[PDB]
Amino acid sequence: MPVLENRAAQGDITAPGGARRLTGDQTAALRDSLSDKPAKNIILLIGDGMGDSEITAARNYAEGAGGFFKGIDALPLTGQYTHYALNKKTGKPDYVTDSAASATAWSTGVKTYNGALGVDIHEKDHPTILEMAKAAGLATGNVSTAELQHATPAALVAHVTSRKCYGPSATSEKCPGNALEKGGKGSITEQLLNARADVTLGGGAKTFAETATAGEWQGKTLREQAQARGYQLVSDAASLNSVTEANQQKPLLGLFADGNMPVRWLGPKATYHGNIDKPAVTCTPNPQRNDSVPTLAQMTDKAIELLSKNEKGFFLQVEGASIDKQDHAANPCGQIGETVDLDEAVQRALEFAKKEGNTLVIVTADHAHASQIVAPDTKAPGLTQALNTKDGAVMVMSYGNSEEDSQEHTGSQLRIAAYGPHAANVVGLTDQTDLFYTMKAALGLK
């Protein structure tokens, strides 16, 4: 099964046939990309808020219009899926989903309300693909650049009525029924500790400072609890690289930031008439991204190394989280940089999957977002910014769906791409919940 080695404009884009990305007929190559054999492993890569518009803007800037993302664009089977949520009261669709309801959909196969994690509209728990993978004996990983309490990575290991129930104090207030001191399963962080995935890496060390209100580890901080239960904690790239093994006996918990991990690039926020009233922007690397802080690709690689030792196979979910967050912030450079960062992670995953031969790689997003690529002379009501692209030309990006401080998610269907056994199941129009069933089946989970 071939990965698309190169789909950049083949020549002079101003010349006939120069902007072509194909060099011949793809039928044969697609035929070689189809296989219903079982997938031994599955690597799911989620770009939070990475809709088609976000992929296009990143490519344009970092690779040029005629460019090609070696990871993101390289997957041969592509499709488009829907991700609407449900109204808790009515059960009717809620066209624009949040990060929690969408992550729950692919992780449990059941639609739910905005803000819910691992539960349906009746607030019933439903086992997640990770819990199922672990029950079957497969190794499991959960990697993200956001706090581990954030919706995307949490959905795989927690079941709470509100995504805000990060740790003990919020759970007591927001999720009383989940509150440990009230007989519930616990907060997102407490449930994460219980889920015991083999590899968990991300930020959110802050919440791990809270102390349990009840149970066996009452009075100890969640950090202390983690150590007491046998988790090997690492807090930087050096210690992370030191790790030789990770399993149920000695599970890995990497906390690389108090909150979300640092963004790769820096740039100013989009402003009103910014493309007109101000000069073009050129993003700059964040001096604080650090040599001690592992990158998403580094984390993905270590995770694969450690999880691949499990002979039964593994399930790994990787999240490029700040794409969505910078999109909310109307910061083109942060958004694009996190897209570039995710591409590197996808590349590592594809390299392994290509050698290994029984791995299903899927790259998609939870929901669409605000950013739109518009004409340079656009006079828009929202925030816009002009950027100097690799092409040596200006690209103007617009954020116009909100007068508040955060730009809103949008409900357009978006790209889902895959490579490996069962990749055929992402082609055409599918639903986010279909992704749960595709993975369960590809993995032979029962």
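The numbering used is simple: start at 1 and walk along the sequence shown.
Averaged over their C-alpha atoms, the temperature factors of 185 to 193 and 77 to 85 are higher for 185 to 193.
Per the PDB record, of the two stretches 105 to 113 and 174 to 182, 174 to 182 carries the greater mean B-factor over its C-alpha atoms. Of the candidates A270, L222, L316, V346, the one whose C-alpha carries the top B factor in the deposited record is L222.
Take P421, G400, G66, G49 and read off each C-alpha B-factor from the entry; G400 has the highest. When the CA B factors of the chain's modelled residues are split into thirds, the value for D391 lands in the middle one. When the CA B factors of the chain's modelled residues are split into thirds, the value for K124 lands in the highest one. For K92, the recorded CA B-factor ranks within the middle third of the chain. Only modelled residues enter the ranking. Annotation for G18: CA B-factor lies in the lowest third of the chain's modelled residues.
Residue-level temperature factors show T56 in the lowest third of its chain, judged at the C-alpha atom.
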